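Residue numbers (the authors' numbering), protein chains in the order written: chain L, 1 to 536; chain p, 2 to 156; chain i, 18 to 64; chain M, 1 to 438; chain s, 2 to 59; chain Y, 104 to 155; chain m, 28 to 138.
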Amino acid sequence: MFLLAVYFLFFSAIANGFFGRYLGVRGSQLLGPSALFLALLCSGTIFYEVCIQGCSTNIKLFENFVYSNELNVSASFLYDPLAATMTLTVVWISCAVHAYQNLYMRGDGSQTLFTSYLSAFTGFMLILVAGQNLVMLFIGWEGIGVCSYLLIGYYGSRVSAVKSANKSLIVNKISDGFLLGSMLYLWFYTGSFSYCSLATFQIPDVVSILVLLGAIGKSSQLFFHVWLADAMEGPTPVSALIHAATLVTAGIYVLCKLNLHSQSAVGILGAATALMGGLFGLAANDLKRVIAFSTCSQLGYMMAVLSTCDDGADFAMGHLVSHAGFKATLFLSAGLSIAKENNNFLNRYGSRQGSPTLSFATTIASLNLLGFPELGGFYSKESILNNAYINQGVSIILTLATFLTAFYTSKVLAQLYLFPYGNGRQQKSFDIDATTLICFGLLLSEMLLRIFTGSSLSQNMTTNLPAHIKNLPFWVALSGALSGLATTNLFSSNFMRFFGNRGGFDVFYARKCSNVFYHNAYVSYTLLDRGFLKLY
Amino acid sequence: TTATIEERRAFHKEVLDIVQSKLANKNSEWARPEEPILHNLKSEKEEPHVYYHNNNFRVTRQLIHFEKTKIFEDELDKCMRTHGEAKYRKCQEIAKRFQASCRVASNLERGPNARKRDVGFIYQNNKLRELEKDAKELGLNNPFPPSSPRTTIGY
Amino acid sequence: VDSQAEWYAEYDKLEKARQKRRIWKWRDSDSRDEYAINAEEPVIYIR
Amino acid sequence: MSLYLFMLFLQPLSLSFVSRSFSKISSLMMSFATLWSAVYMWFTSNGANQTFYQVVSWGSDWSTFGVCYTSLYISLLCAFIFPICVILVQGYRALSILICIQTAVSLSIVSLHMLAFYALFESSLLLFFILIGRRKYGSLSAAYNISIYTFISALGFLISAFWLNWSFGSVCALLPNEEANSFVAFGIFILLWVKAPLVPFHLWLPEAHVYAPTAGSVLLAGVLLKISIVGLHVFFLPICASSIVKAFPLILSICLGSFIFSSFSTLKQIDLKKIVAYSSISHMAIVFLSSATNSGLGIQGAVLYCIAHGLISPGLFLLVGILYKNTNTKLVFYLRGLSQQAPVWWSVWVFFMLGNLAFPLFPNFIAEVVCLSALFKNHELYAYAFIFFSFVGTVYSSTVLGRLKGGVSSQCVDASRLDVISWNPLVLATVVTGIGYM
Amino acid sequence: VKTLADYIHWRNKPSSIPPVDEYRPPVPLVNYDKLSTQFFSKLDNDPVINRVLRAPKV
Amino acid sequence: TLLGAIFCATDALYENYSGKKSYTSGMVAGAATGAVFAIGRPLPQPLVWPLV
Amino acid sequence: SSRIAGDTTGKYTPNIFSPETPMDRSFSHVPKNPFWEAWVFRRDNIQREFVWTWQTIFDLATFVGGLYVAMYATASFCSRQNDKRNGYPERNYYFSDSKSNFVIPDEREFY
Ligand SMILES: CCCCCCCCCCCCCCCCCC(=O)OC[C@H](COP(=O)([O-])OCC(O)COP(=O)([O-])OC[C@@H](COC(=O)CCCCCCCCCCCCCCCCC)OC(=O)CCCCCCCCCCCCCCCCC)OC(=O)CCCCCCCCCCCCCCCCC
Ligand SMILES: CCCCCCCCCCCCCCCCCC(=O)O[C@@H](COC(=O)CCCCCCCCCCCCCCC)COP(=O)(O)OCC[N+](C)(C)C
Ligand SMILES: CCCCCCCCCCCCCCCCCC(=O)O[C@@H](COC(=O)CCCCCCCCCCCCCCC)COP(=O)(O)OCC[N+](C)(C)C
Ligand SMILES: CCCCCCCCCCCCCCCCCCCC(=O)O[C@H](COC(=O)CCCCCCCCCCCCCC)COP(=O)(O)OCCN
Ligand SMILES: CCCCCCCCCCCCCCCCCCCC(=O)O[C@H](COC(=O)CCCCCCCCCCCCCC)COP(=O)(O)OCCN
Ligand SMILES: CCCCCCCCCCCCCCCCCCCC(=O)O[C@H](COC(=O)CCCCCCCCCCCCCC)COP(=O)(O)OCCN
Ligand SMILES: CCCCCCCCCCCCCCCCCCCC(=O)O[C@H](COC(=O)CCCCCCCCCCCCCC)COP(=O)(O)OCCN
Ligand SMILES: CCCCCCCCCCCCCCCCCCCC(=O)O[C@H](COC(=O)CCCCCCCCCCCCCC)COP(=O)(O)OCCN
């Protein structure tokens, strides 16, 4: 029963991408959503069996996947509470994205290949989450990396999309290299790759740094966030999957599965990434970019909370699962707005008659991001902010990030709906089928269920804080939202420009790192092999 | 310890006799020896028959060690999965045994340049214990952490 | 197929060849003038 | 073993008696028969014989042939990859040269005598000079490079073999001998240094590959580079272990430098064949270092990675040859829109390039993991150095794929039925090894 | 004293001189392209900018 | 004669000062001879001759 | 102006005398460019423009020699650490001047 979900996704991938000539566009519009629905039924069974009823299961497919001398690893799947929760969230979001793609990608030539890549992408994410050993996780990590390369660069005749895919691939190579080094350290000194025997009470700092460096790649933290903003070249369904669940979450999942992180580093890196991402999102004028910077900020919050307390891992995973739903909703709604208006710029959006479902889903997702009380996003974010009070540095930065988050989120909501119409007087239209309505029904259902069921066991446990300190996140969010509605100026033009250039990390890489890389290549080749050592 | 040429030629003749006795009856497990040929040679390469037989014995032993390690890992994984949250206290022994097996397998034939595999951080913990004892007795201040009770699930 | 017999036979053949080679490599000077090194050899000179 | 050697001797023999019109058919059938004989040799190789599975001698130390773990894998790889080379080549002259080269190479792998090894491997010296220097599509410079580099390295190896034959009295691997001499170790090492391209002795390889026919390039990358690992495992580590341990800091410096400089040089390449050639040079460094550690993990890892390369590099060279036949260009700048214009060629190209980058479902991943584990067994820094610099391979491969993937093109340049037939065995073998049947 | 050094073809001068005229790829035109090297400048708070952007009632 | 005198003198002087027979003595004698050979020669030669 | 050269039935003949151009493998060749061809030639034959200048010597020594020196120093450090870790006596390496003959550890001996 547990294997079935992975089978359904890989089957949908093979069918759509190898037998699409027979199935057709309509055949992929059937087999994709059907397989994802079946996988949702299996994931729901897994979630009930493991999470609610505390029944972890291990399925060993085969032994001796790698058998060289002492080194021995097997392909085995352990469904633990973290795996069940992530499997459920991933499959729910993927099923929604598959339903969404039926209408969105009708205007794209390869809808069969797109559906195939989406299902293979979901399968590799489930392999990463459910792996019982570090090698299976690496298999999933690389599979999602390759699927992202094949999906971001889907538009090959655009130089920006191919460059965005190359950027993703290179950054992910650097990260998985650090991970491979850490896995080698852990195998050598613990004797196994299985997480049960992997447990080490005291680990040398080197392994901790290598683990963190590996994780900061997929979960785009500071210095490694360049690829996320660029990943906007790909079609909207890809962005929803990568940002909401498949890619950003993997780093957090790795850090939570093996608690080798160092408190000092994770807190500072997280709080910095939260603030920087919020500031970058303030300057952004593309709808899809703002939601990416919001993803960066939220990832910063999840990374930061690990430092605060022992329950930080539970709080981080709880935020991760709460975030995937609303963030997916934000991307799908942004895509539909872009499709309906033929515009990507916030300036040209405005009030216009539309579907009630889409406008409500956008409002509720934005409210969850903002932190509106009595919402799934609110509980998962307050759990972090309240517990971070002990670390004075992390708390102050995270509150400032909450303010900036509220400001941009409110500005975006005002610009997309409240603001008067800003596009031209030309005939534009995108009619929504019942499949899109089902997709939004699924996202809203996830959002509602999250409030009733919660995200962590310790979510509502009392944090012994004065009332003024416990309710401050709300006041900061409200103040930011009010300032964002008024569309006031917060920073001087020098800083607004700085934030628009994203801190100039990419300008540094191009002017110095890329030039050094190609000078090393020039010395290695032109000066030496084909110069000094080449005959006349 | 010195080996005279008379003793060396005597051992060579004995080795030839051992080969002749082995040759008399066919054995399908000739290259999977259960016992080594005992010797006091400076270099094993001197007696080719001893060298090859002992190498085959060492390969047999290493294969057995690798399979034993896999068995130990299977019992540790089962034990860990049965106990639940009591795994740390109840699976200390099984883990200790598994880690010992891993060290034996890796260390026996590591190679000329390979370092000893410190499964369980036993060597590091020992070194820290010695460093602490010396610093405390000599009145020095140790710049290293003190030895730990447990550094891994077992060792 | 008695592998042990084949291995021992091959090793023996190689060892015999090595011994024969070393015996062959023991070569004194064959110069006609060099009577001292080859005193015991039975040669007749027609000169 | 005897069946394999007999089939090997029959394949060059068959050409003398064929009709001159049936040459290609006969050569293909002979290649398949040699593959089947290799499978029979594998069947008749019992794991119970731990040291050497089978040894045969035909009256002298030179005619001593035998199969071990390294020899068995390399011989099976050569027999697997030869049919592809055969079908890709047309003409009696070309067939004769290729069949003679293959016979010499396949006899070298199973040889257990250093002098016989030299006699068989270096017999195919003029044939490569003539093949790489063919009238219209060949370069005399590349032929001279490969020939001179081979002659100098093999002559040094020959001098070391002569000293070992004089001092010990025999040069057969089956007789246990140890030497601490550094001159003799260097003599044996220099051959390995040149044959498996290691900086700064790698210049001969790219020239030869670019100006060789596709059958020649496929054979060269697939198995000719591997002949170094057979010499290391069979003729160097048993006798000159002390010198490899004495020089390990230098060996590591030269291997890592080769990996780095080759990776950086691959970045400045505009020709697809040169890109594949420099990728091979970079990949050879890990195999060489892993074997030099003289550990179980290293020898197995090196052989496994060699098989993975011997399955991934022929695929890329085959696809490059197919593309060149379709377009008469190897410049990445002229080739654009290949995704839209050749969806079937593109799929296989992307798959093989993913294999070259050591992704998990490919044999390269497992092999790399084992080799990195062996390096980590030696020192953690040794492993880290290799793992970090692997990104350079990603940068060049990504740039190439991106340039080829999109653009505007007015030519439909896709593979024919013959081209798919030629890569299907390589694809299936790659998949099977990737899933763990190494 | 005549020596090999006199007759060896030392690589001191380039045998081939690249063509002076070189291709510059076509690029979309940016009307005003002067780089801003000063984070703090009077231009940001210029009277013109205040009248054009900051002051108009919105 | 001048070049050979330089080489022999430097070799003997280094060996006496160092007190040991070593490769370095030959290297420094060769380097000094090659430096004297390349006193007025163009750019590459000052590097190449001390090495050869 | 064009005709299908290939025949699936096997009755393929090359009409060398056909007025109409055969759609053979040569139909899909990409048109070359005079300037691209000269760029390719210049890139391959870049040894002609090589000149020994102080900047070239500096760059070569600093990156190639510098990397080689760093790599040797790191390998020597790692060897020293491993020898200390293993408990082996200082090994006689090639360039190391050690008054010890230790090279290969004895398998029988316990270190
Ligand atoms: C008992 C019952 C009967 C059952 C049968 C059993 C009998 C057993 C053996 C009997 C088989 C007949 C032997 C064939 C004799 C003639 C072969 C020949 O002429 O070759 C080309 C000839 C093709 O003739 P063609 O196309 O009509 O045009 C040639 C024209 O005459 C001139 O054309 P071109 O001017 O345009 O020249 C172009 C040339 C391009 O120019 C070159 O490349 C020149 C390169 C110089 C030689 C190549 C160096 C490397 C060769 C390596 C050896 C190959 C085997 C590798 C195995 C390693 C062995 C250590 O390209 C070629 O010629 C072919 C390239 C590759 C062939 C080279 C191999 C031949 C080596 C020596 C041939 C024997 C001649 C002895 C003369 C006897 C009285 C005069 O034959 C072939 O089909 C290919 C060669 C077959 C090689 C088997 C011969 C054994 C040699 C291996 C040495 C092992 C020791 C011998 C023991 C053998 C078993 C006891
Ligand atoms: C042009 C192509 C068009 C056609 C496409 C073909 C579609 C191929 C389908 C993909 C295959 C996916 C199956 C992956 C498992 C590989 C099957 C396998 O290897 O068989 C195993 C048996 O194991 C299985 O059957 C696995 C069950 C397969 C299906 C179960 C769930 C399916 C979901 C896919 C997830 C698999 C994740 C595994 C990641 C490593 C052999 O058993 P052993 O005797 O132990 O072999 C020794 C092991 N070793 C290979 C290492 C030597
Ligand atoms: C792990 C257990 C089960 C494994 C199943 C894996 C999922 C399916 C794997 C199928 C084969 C793996 C690799 C297929 C060949 C690689 C080429 C490829 O994937 O796509 C080809 C073409 O795709 C195909 O024809 C075959 C794809 C069928 C299924 C692919 C699913 C996604 C691949 C999985 C990634 C492989 C994992 C390797 C590393 C873990 C090229 O696509 P584009 O470069 O994007 O250009 C297409 C044109 N356009 C511009 C419009 C986008
Ligand atoms: C919250 C955690 C921190 C996140 C990021 C913090 C980054 C802080 C580092 C910048 C602050 C110190 C900068 C050094 C002082 C330089 C002051 C003026 C700079 C200058 O004059 O030259 C520049 C040198 O580039 C440079 O200044 C490059 C130096 C940067 C050091 C490497 C650190 C990584 C930087 C990554 C992001 C930083 C983006 C902007 C630096 C531009 O040189 P030019 O091109 O005009 O020269 C002409 C080409 N011939
Ligand atoms: C006690 C002795 C003291 C030391 C004294 C040393 C004195 C000289 C020693 C040098 C020996 C090396 C032999 C190789 C010479 C270089 C190649 C000749 C250059 C050449 O022009 O060859 C052309 C093509 O060669 C090529 O294309 C080949 C390119 C270069 C080959 C690289 C050499 C192999 C690797 C070198 C060392 C490797 C390991 C060393 C242990 C063919 O010219 P042509 O046919 O047109 O004739 C027309 C006349 N110009
Ligand atoms: C400068 C970096 C070195 C470049 C090599 C890098 C990596 C190569 C390592 C290869 C591995 C095995 C080879 C064994 C030794 C070769 C080089 C080792 C380094 C070396 O030169 O040590 C020398 C001794 O080696 C010797 O005496 C023999 C040197 C090699 C001879 C050169 C050509 C020989 C060709 C002979 C052909 C066949 C002859 C067979 C009779 C002097 O070191 P030292 O111990 O005196 O320390 C005194 C310092 N204070
Ligand atoms: C074919 C060998 C020719 C050398 C090729 C090197 C590249 C040529 C460039 C010209 C440079 C002049 C030659 C220098 C090479 C010597 C290596 C320097 C190492 C060194 O200085 O240590 C010395 C010992 O090394 C030694 O003197 C013995 C090392 C043996 C040299 C390296 C052997 C393998 C090199 C072959 C690599 C590839 C072959 C292709 C050429 C000092 O020792 P010390 O006893 O004085 O201690 C000091 C107590 N006062
Ligand atoms: C003409 C040709 C050459 C001219 C130009 C050459 C200029 C290069 C000079 C510096 C190059 C890098 C510095 C390395 C050597 C520094 C001094 C060597 C002496 C030495 O071994 O000291 C060790 C250096 O630290 C170390 O162990 C190595 C630290 C540096 C390695 C990492 C730096 C870059 C990393 C990039 C990757 C490269 C390595 C990849 C594995 C530490 O002393 P000790 O404790 O060992 O005592 C050992 C007794 N002296």
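Don't be surprised by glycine CBs; every beta carbon is placed ideally from N, CA and C.
Asked	Found
Output yes if chain m places a C-beta closer than 7 Å to the C-beta of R25 (chain s); else output no.	no
Which residues of the region 498-528 of chain L have a Cβ closer than 9 Å to any Cβ of chain s? Give them in chain order.	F498
Can you find at least 3 beta carbon pairs, one from the region 472-489 of chain L and one from the region 366-377 of chain L, that sit closer than 8 Å?	yes
Hey, is the region 318-325 of chain M in contact with the region 372-387 of chain M, meaning 3+ C-beta pairs nearer than 8 Å?	no
Taking only three categories from DSSP, how would you classify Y100 (chain L)?	helix
Please identify, using Cβ separations under 7 Å, the residues of the region 70-104 of chain m that lie next to chain s, in order along the chain.	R75, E76, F77, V78, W79
Between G112 (chain p) and chain M, is the shortest Cβ-Cβ distance under 7 Å, so that the two count as touching?	yes
Check each candidate in p:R90, p:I65, p:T3 and name the one with the smallest Cα separation from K43 (chain p).	p:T3
Going by DSSP in three states, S31 (chain M) sits in which element: helix, strand or coil?	helix
Cutting at 8 Å between CB atoms, please list the residues of its own chain near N294 (chain M), excluding the five before and the five after it.	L237, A241, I244, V245
Taking the alpha carbon of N13 (chain s) as the reference point, which residue from Y:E118, Y:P147, Y:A141 has its own alpha carbon closest?	Y:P147
I want to verify the contact list: residues of chain m whose CB lies under 9 Å from the CB of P57 (chain s), in sequence order.	Correct list: empty, because the minimum Cβ distance to chain m is about 53 Å.
For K30 (chain i), which residues in chain M fall below 8 Å Cβ to Cβ?	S57
As a quick exercise: from p:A101, p:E48, p:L17, pick the residue whose alpha carbon is nearest that of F122 (chain p).	p:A101
Secondary structure at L3 (chain L), three-state DSSP: helix, strand or coil?	coil
Spatial neighbours of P81 (chain L) within its chain, please: CB distance less than 7 Å, with the 5 preceding and 5 following residues excluded, ordered by chain position.	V50, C51
Decide yes or no for the touch test of the region 169-189 of chain M against the region 265-276 of chain M: beta carbon pairs closer than 8 Å, at least 3 of them.	no
Considering only C-alpha positions, which residue in the set M:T44, M:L115, M:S19 is nearest to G91 (chain M)?	M:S19
Flag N145 (chain M) as yes when its Cβ comes closer than 6 Å to any non-hydrogen atom of ligand 5, and as no otherwise.	yes
Beta-carbon of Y52 (chain i) versus every beta-carbon of chain p: anything under 7 Å?	no
Could you compute how far the alpha carbon of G257 (chain M) sits from the alpha carbon of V392 (chain M)?	14 Å
I'd like to know whether the C-beta atoms of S219 (chain L) and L330 (chain L) end up nearer to each other than 7 Å.	no
Verify whether the separation of the beta carbon atoms of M41 (chain M) and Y4 (chain M) is less than 7 Å.	yes
Should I63 (chain i) go down as buried or exposed, given a rule of 16 or more other Cβ atoms within 10 Å for buried?	exposed
Taking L357 (chain M) as part of the beta strand (DSSP E), name the residues at either end of that continuous run.	Segment: none, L357 (chain M) is in no beta strand (DSSP E) and carries neither H nor E.
What residues does ligand 4 have around it, judged by CB closer than 5 Å to any heavy atom, in chain order?	L:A272, L:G504, L:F505, L:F508, L:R511
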